[PDB]
Amino acid sequence: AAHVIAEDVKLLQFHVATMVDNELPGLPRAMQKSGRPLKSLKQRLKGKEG
Amino acid sequence: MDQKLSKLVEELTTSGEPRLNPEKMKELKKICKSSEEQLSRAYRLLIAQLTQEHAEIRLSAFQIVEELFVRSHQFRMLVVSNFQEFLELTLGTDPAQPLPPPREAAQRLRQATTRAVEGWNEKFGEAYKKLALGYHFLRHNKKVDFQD
Amino acid sequence: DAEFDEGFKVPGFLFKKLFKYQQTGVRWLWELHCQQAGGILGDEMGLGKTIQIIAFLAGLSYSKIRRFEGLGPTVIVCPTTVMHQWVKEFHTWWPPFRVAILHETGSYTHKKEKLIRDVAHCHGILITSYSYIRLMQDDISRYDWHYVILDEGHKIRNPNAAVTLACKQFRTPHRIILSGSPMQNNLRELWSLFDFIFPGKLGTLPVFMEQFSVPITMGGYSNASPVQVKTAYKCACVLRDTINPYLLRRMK
Amino acid sequence: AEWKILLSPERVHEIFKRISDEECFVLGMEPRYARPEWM
Amino acid sequence: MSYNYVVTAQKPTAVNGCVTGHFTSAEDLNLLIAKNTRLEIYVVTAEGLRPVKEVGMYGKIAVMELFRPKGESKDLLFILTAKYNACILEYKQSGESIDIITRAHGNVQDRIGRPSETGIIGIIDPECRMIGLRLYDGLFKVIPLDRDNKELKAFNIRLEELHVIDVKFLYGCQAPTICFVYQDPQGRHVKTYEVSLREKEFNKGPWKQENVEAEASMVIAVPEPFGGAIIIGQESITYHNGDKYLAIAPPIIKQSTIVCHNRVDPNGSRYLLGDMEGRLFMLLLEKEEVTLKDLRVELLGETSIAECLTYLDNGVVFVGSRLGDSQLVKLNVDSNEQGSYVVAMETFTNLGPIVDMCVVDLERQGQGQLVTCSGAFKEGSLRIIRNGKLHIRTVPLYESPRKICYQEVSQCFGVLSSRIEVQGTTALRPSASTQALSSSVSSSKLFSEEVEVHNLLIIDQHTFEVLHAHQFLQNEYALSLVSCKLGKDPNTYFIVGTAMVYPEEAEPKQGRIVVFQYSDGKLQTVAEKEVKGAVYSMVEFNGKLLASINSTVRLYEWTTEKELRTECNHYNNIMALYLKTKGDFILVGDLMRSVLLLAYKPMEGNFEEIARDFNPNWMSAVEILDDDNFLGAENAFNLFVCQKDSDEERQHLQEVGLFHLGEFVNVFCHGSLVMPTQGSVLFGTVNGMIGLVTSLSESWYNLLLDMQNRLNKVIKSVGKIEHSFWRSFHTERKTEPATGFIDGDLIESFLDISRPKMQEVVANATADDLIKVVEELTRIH
Amino acid sequence: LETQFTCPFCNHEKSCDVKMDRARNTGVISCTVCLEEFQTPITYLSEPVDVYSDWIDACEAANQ
Amino acid sequence: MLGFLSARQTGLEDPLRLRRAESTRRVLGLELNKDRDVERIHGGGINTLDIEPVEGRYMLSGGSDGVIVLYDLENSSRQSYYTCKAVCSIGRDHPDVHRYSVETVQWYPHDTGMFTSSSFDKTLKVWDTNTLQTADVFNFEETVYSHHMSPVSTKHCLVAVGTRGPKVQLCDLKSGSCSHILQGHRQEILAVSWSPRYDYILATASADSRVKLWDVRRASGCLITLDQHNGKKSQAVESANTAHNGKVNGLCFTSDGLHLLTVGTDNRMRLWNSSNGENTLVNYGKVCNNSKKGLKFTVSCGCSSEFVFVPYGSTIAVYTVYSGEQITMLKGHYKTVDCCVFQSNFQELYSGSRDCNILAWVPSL
Amino acid sequence: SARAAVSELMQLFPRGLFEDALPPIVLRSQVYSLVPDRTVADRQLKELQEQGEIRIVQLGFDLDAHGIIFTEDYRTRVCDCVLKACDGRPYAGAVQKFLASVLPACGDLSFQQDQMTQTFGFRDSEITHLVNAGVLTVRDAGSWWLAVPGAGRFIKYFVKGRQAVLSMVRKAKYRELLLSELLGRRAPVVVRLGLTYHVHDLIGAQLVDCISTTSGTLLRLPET
Ligand SMILES: Nc1ncnc2c1ncn2[C@@H]1O[C@H](COP(=O)(O)OP(=O)(O)O)[C@@H](O)[C@H]1O
Ligand SMILES: [Zn+2]
């Protein structure tokens with residue numbers, strides 16, 4: 001379906017983007033156990049204690 | 001003999017007279033009675049003038065059209081052909097194409113065209129089924145107040 | 001010689017050996033071929049189906065029916081256990097056919113890809129196991145095959161198995177499935193089967209679940225409500241109506 | 001892509017991939033270490 | 001529901017198809033002539049034709065071609081039926097027994113399709129490999145012969161050109177090849193194709209298309225020595241062979257189009273051509289070493305209008321005519337001192353299209369006597385019928401009659417007659433109107449290539465000679481005619497409704513009712529009445545004149561001033577063409593609404609639509625059988641019987657009997673040719689068939705229906721064609737099984753079958769009672 | 001608040017839009033698919049959702 | 001016209017000649033109702049009309065306001081001028097009225113004892129002619145733009161349904177199995193039609209702007225792929241590659257199922273051969289459509305030359321199918337026209353528009 | 001015949017305006033102007049295109065814009081100008097291969113990737129070479145239309161000229177005007193291609209009503 005493939009490419013795009021940038025405006029954070037999000041390659045090297 | 005017709009309708013329309021000048025009105029009557037393709041030429045003049053953006057000009061054009069309608073038979077077929085667009089430009093049924101200013105001229109046009117449609121339905125309505133359909137369509141779909 | 005509707009002739013002596021039910025099955029199968037749709041042989045185990053398929057194929061080639069004149073390069077996906085049985089039966093019943101094995105045992109002793117190419121260019125009946133299809137899916141699915149007979153295809157009941165997606169690549173419409181039990185755990189197997197033979201008939205998979213899997217399955221529970229039982233009965237009747245033409249299921 | 005058309009990555013890659021070396025050098029993408037379609 | 005019985009008073013006589021060949025035996029030169037449903041087998045003797053068999057097809061014979069497959073001793077016969085019943089037949093004579101066996105049979109009708117303008121065309125490849133049929137536009141049905149079918153399986157090869165004029169199978173072709181002329185907006189063209197049975201599709205022709213004469217209307221397949229084919233135009237003639245392009249323009253053919261052809265020589269060096277006018281021509285192909293050199297056209301002479309002709313041998317040519325009497329002629333080597341090499345050898349009587357007919361008890365006997373407007377343009381003649389077998393007389397007119405009526409008081413026939421003039425105007429031949437004892441010209445004040453002229457011919461009803469011929473105005477068509485006395489004065493008049501015909505209007509808008517009185521050998525113009533339209537029909541109605549203007553039926557009154565005065569009008573009619581009367585009831589035959597039972601109310605003095613049928617049938621006749629049983633014959637060769645039903649529902653007439661007569665009923669008329677059944681109405685037809693329809697009783701109808709079922713179960717049709725299907729009511733958009741009718745011919749055939757067959761039929765009373773009953777039924781005719 | 005509403009007749013979501021002619025104190029709502037058009041006065045407090053809800057009552061009230 | 005009668009009586013010309021010549025002459029002289037008037041019952045525009053196949057008497061009609069009205073066309077009165085009453089109605093108070101505009105309504109062919117109807121409420125109800133009660137329903141997941149039952153199948157009774165989803169449903173009326181879908185399109189499906197000649201050949205067109213002739217027995221998607229330019233190369237099954245440059249919202253097989261007429265929102269119509277989908281380059285000029293939903297039109301039958309009655313703005317435009325001539329324009333409506341039907345018995349046309357009118361065009365003289 | 005009509009219309013092309021860099025271009029609509037039978041016009045144009053005398057190119061400015069160009073003008077101008085301005089830069093050879101292989105073979109309007117990759121052995125690099133030559137432009141991913149280099153100038157001038165002519169007809173009385181009056185009138189500077197050229201285009205596309213009057217053919221705007 002056009003809308004199903006729309007959603008699945010949306011999901012593949014989402015996974016790549018949250019792989020290099022998790023904290024996006026409006027979009028949900030990639031989730032993980034213990035109630036916390038993940039940490040992307042941009043958080044590894046953002047600021048103090050980066 | 002086309003220049004004089006255009007001239008005459010030009011004075012009748014552009015003057016913005018509240019009432020038609022009867023002498024050149026009679027000249028137009030006689031000269032149009034001369035020929036039928038010339039009657040169509042006068043019809044085209046009237047249609048062109050009606051589109052132009054001024055309520056008084058449209059009032060003058062509509063009054064001329066009513067005169068010819070009541071007076072001529074072929075003119076009746078010719079106008080009821082495009083009765084759709086004619087009603088659109090005179091009644092302003094499509095809100096996307098309102099009536100230009102002034103407001104007084106627009107209201108006078110509205111009243112006069114309502115009455116003219118009523119009279120035409122009374123007179124030629126059976127003779128032109130499309131006129132009866134248009135009357136009914138105005139009366140219900142657009143809900144035009146014929147008692148106003 | 002037995003004469004079918006349009007032009008399908010099978011040799012009379014070969015027709016004679018067949019039983020009543022088998023020749024009925026041959027007629028049904030050729031009708032399926034006329035419509036250009038797939039099908040499943042639902043005959044219970046041992047009622048005799050390899051004979052049916054061999055008879056139909058031999059008659060088709062013999063009939064010279066009209067890309068392909070008569071029989072084109074087919075393929076028979078079979079479990080490894082019965083491959084030499086297949087070769088023996090083909091040789092016994094119709095020895096004209098060239099049957100070449102695509103297996104490590106095999107009879108080629110060269111590059112397999114050469115064997116597939118040669119069979120494709122020779123209108124031969126290539127037999128193979130599911131493993132080669134899963135592995136050689138690139139090479140198998142390029143030769144414009146004619147038939148894709150699946151022996152004991154119920155292996156394919158897993159819709160997303162690599163073998164399933166591998167075998168669902170052949171572009172021909174003539175797909176045959178041989179299994180006396182073409183449903184073993186639940187309706188999803190049935191769905192995948194009719195996905196392989198006739199992709200459209202049952203809807204897309206989630207639609208199929210919602211439309212039949214729930215009203216049918218859930219209505220069979222011990223605690224089923226009578227109204228729910230009637231609902232399941234209705235849907236089961238409807239589904240049997242739907243799938244009737246494409247299963248030929250005779251019991252013992 | 002509004003004038004509201006959802007533009008796709010493949011469209012983009014094809015468009016960029018045709019850009020010549022000179023126009024991208026003009027844009028500032030140095031053509032040898034940055035080619036706009038590797039984005 | 002109603003009960004009726006039709007029967008053949010006289011079999012059809014016109015010929016619509018004739019082919020010569022060796023069918024009875026390999027050596028026999030057989031001449032087969034296809035009368036509409038009678039296939040007459042003759043043997044071409046040294047003199048005349050020797051009859052050998054006549055048989056009854058259950059189908060209007062549309063196609064008839066003789067062909068000899070490979071290995072076949074004598075030619076096989078392939079015949080197609082208008083209802084698309086296909087049959088291949090073989091002649092098997094078992095000594096005295098002549099057994100026309102059905103080799104292969106079947107039906108070839110497509111479920112939906114626009115039946116082609118030029119009618120069914122059936123052709124066979126010269127090598128006898130397949131049969132090509134063109135039934136519907138855009139498709140080309142192909143029936144292989146090599147694949148021996150007992151069912152005549154076929155298949156369709158789509159044809160990118162949709163308006164084909166003609167098609168033929170070219171000679172000298174390794175693969176089957178078709179040439180056809182087709183019409184497109186660009187003009188008329190010619191193209192060729194190659195049939196490929198294995199592919200079931202065409203291929204590129206041996207040679208590409210070409211632009212032809214505008215009216216190229218025939219294609220003639222030349223045999224192998226010359227190859228190619230010959231196109232005959234209205235004006236020019238051409239020959240193509242892919243590269244050879246021979247063209248001629250002999251002016252002699254320009255006057256009339258060439259309608260028919262036949263090859264003379266086995267090599268095809270000689271061809272015959274006949275026009276509508278009946279002039280017979282010769283086309284002669286000049287060879288050169290072989291190839292074609294030159295085309296030549298020469299007038300051999302004139303004959304009856306030849307719908308189809310075939311050279312037999314020895315200069316003997318059979319002229320099959322649908323319009324006039326079929327002819328047998330001798331082609332002389334030398335002209336007959338009039339430019340004519342043809343001399344008539346034999347004439348077979350053909351009641352031509354019976355455009356109108358009237359019964360008279362001439363000689364004041366107890367026996368009826370029919371006088372018919374037979375014939376056509378040049379073959380126009382009157383036949384007179386009596387029992388003596390059916391006696392036939394003849395009275396040539398050399399011009400087409402249109403209506404006839406009898407004035408016993410005047411002892412003459414009012415016979416509308418019409419002739420054609422080419423130019424003011426010039427008559428082509430001396431006809432009855434021009435040869436009259438006396439004549440006059442209408443001079444009316446109401447109104448003020450080749451053209452038609454109408455005349456009213458007053459004919460002695462003793463000597464059959466033209467007592468008078470009052471010619472009508474220029475461009476006036478005398479449509480309907482009636483002999484009667486109106487109002488209260490005793491003068492019986494001849495009333496002629498006419499119309500003003502001009503090429504510029506499709507529908508005549510101007511016509512006049514003219515009342516004449518024939519007295520003292522002279523036709524006096526008693527009165528006139530202008531009307532605003534043609535008068536398609538008038539009829540007396542209780543001392544009044546009921547006339548039929550274009551779409552308005554009105555009642556006219558013969559005033560004491562001897563003038564017509566309208567009383568009332570009725571307008572709910574498309575075109576009120578046919579009118580009949582019984583008491584206060586009228587039966588109006590609309591052009592497509594099929595009936596309108598109009599009952600005249602005298603206490604008011606107007607009309608009332610008592611009822612109407614809403615099935616849109618296209619009428620060709622109408623007649624009232626009883627007070628509440630109405631007969632009507634539609635144009636598609638069917639009979640339907642409408643009966644008053646039993647609210648507004650009472651207004652709906654009901655079609656109770658449906659029947660496919662297979663002929664075009666031109667006219668009904670009450671009467672009987674002879675001195676259990678009730679009423680009697682005779683009808684003529686286009687093919688010269690004369691028939692009789694009568695009522696029955698219920699128990700008799702049931703019995704006869706059962707007998708017909710038994711006969712169908714017993715009697716074996718020619719092409720294995722089921723009788724019920726043959727008589728099934730049929731229309732382009734409808735098909736119903738026959739009811740309420742008892743086929744006369746089948747029952748009357750009860751006699752000519754052997755006793756075991758009666759006992760089989762009468763397996764459930766005795767056979768002798770049925771023999772008596774069928775004899776009684778035979779009595780009425 | 002939002003401005004596009006399901007057409008009450010052709011049931012196509014977000015297919016109706018509004019034009020508030022504040023000059024004439026009249027707002028128009030028109031279904032692009034079925035071309036249905038509803039006219040009604042508006043005041044300086046009115047909003048599209050207020051206009052739309054006049055239409056539904058007009059539909060139901062006439063549908064009585 | 002008298003010449004035709006002479007030729008017919010004399011047997012010169014087959015009666016076929018007169019019949020088809022007169023039918024054409026009637027179709028040419030068509031014009032607005034002199035002697036009919038259709039009773040007014042619809043509060044909204046009329047979306048569809050369907051004159052019955054057999055006897056051509058009764059005429060369903062599906063309003064934009066959810067009501068269905070069943071008409072009678074035969075002049076039961078004794079006057080020359082009359083009106084077409086309404087026999088019954090699925091009014092708004094009936095317990096089974098559609099909640100929204102009725103988009104398609106079709107008699108059951110082979111028997112008037114039934115009629116099918118569809119609506120934008122995602123339902124396809126199967127009524128009874130006589131008892132007038134919805135003896136079934138098929139509920140769908142998206143709005144139903146059009147449906148069509150096969151006009152010739154004596155064997156199968158499938159009902160193609162083109163909805164806003166890209167899947168062509170094939171419901172059956174014999175035991176109801178609405179599972180079947182034809183995979184391949186890409187967007188909404190605005191029209192579907194069954195061939196009149198071949199039982200199983202279904203031609204659907206979608207807003208993604210291509211028409212695709214399926215065979216519903218096969219398992220190989222579609223057969224033919226209609227392409228404006230009919231170039232050499234071939235393609236797989238999608239809605240792509242532009243039968244028209246815009247939405248295709250119209251289909252009609254010509255009278256005997258050979259060709260295939262398609263109007264589309266790019267203001268063009270095209271006549272395609274339906275054996276090989278070969279655009280036959282007839283053109284028809286500029287025919288104005290901008291309807292966002294299905295567009296119904298018809299072709300004449302039993303006339304010497306074949307016409308097509310295609311809505312054109314608020315006017316019906318008559319073209320000759322094979323030649324492209326614009327024969328005339330019928331100008332009698334005030335809003336856009338949406339469906340026209342043809343009465344092959346008497347060569348009459350009925351037209352329904354958004355202005356809540358059903359006009360009758362009858363031949364003059 | 002359409003062949004004549006395209007010939008005369010090609011004569012009207014002011015080659016000097018485009019410094020003979022662009023081959024003369026004729027719009028299909030103008031072919032409809034001189035040949036009223038629209039269907040015959042299309043059939044005969046298809047006939048010519050099959051024969052290989054002309055090429056049809058999607059000009060893109062309107063979906064119904066198909067430009068008609070003689071094949072030899074196309075080859076001459078492309079070889080001359082492209083190879084001259086591009087002597088040395090690589091795509092000259094690729095364009096030579098294209099003109100040698102594809103254009104004589106298939107006259108099709110669009111080119112799809114599979115055809116060039118397989119039937120013609122063109123690579124992605126060579127396809128990009130063409131695209132930069134101006135000879136191809138992107139229809140879709142992996143799809144491209146044939147094109148004339150430099151067509152943008154002609155397209156811009158044609159668009160402005162068409163709208164200007166339509167405006168001039170609009171501003172005449174009735175929105176009407178006689179054809180002779182228009183042709184004799186002094187052309188606006190915006191109308192760079194000549195008035196007869198644009199008038200044929202307007203008439204052919206039914207943008208202007210052609211009314212045959214006693215004084216000649218009048219132009220009237222159809223009522224919108
Ligand atoms: N008419 C027959 N003649 C000879 N052998 C037969 C016949 N029918 C079935 N058989 C044999 O029965 C056995 C089972 O048939 P097979 O198709 O191999 O298994 P299944 O019936 O489970 O598919 C085979 O060995 C087959 O040769
Ligand atoms: Zn809506």
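If you're wondering, the header gives electron microscopy, 3.3 Å.
Each Cβ is built from the backbone N, Cα and C atoms, and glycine gets one as well.
So that you can see what the record holds, here are the features copied from Swiss-Prot:
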| type | residues | note |
| --- | --- | --- |
| REPEAT | G:33-73 | repeat 'WD 1' |
| REPEAT | G:88-129 | repeat 'WD 2' |
| REPEAT | G:133-173 | repeat 'WD 3' |
| REPEAT | G:177-216 | repeat 'WD 4' |
| REPEAT | G:235-274 | repeat 'WD 5' |
| REPEAT | G:281-321 | repeat 'WD 6' |
| REPEAT | G:325-363 | repeat 'WD 7' |
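Counting residues 6+ beyond its ends, the repeat 'WD 5' (G:235-274) has Cβ neighbours under 8 Å at 166, 183-187, 190-193, 195-198, 201, 203-213, 221-222, 224-228, 280, 282-284, 286-291, 293-301, 306, 308, 310, 319, 321-322 in the same chain. Counting same-chain residues at least six beyond the ends of the repeat 'WD 7' (G:325-363), those with a Cβ under 8 angstroms from any Cβ of the stretch are 23, 26-38, 40, 42-51, 56, 59, 61, 63-64, 73, 84, 284-285, 291, 295-303, 307, 309, 311-319. With a threshold of 8 Å between CB atoms, the same-chain residues lying at least 6 positions outside the repeat 'WD 4' (G:177-216) that come near it are 138, 140, 145-153, 155-156, 158, 160-171, 222-227, 237-253, 255-258, 260, 262, 264, 266, 272, 274, 277, 293-295. Mapped onto DSSP classes, the repeat 'WD 2' (G:88-129) shows 0 helix, 19 strand, 23 coil. Across the repeat 'WD 4' (G:177-216), DSSP assigns 0 helix, 20 strand, 20 coil. Secondary structure counts, DSSP: the repeat 'WD 6' (G:281-321) has 0 helix, 14 strand, 27 coil.
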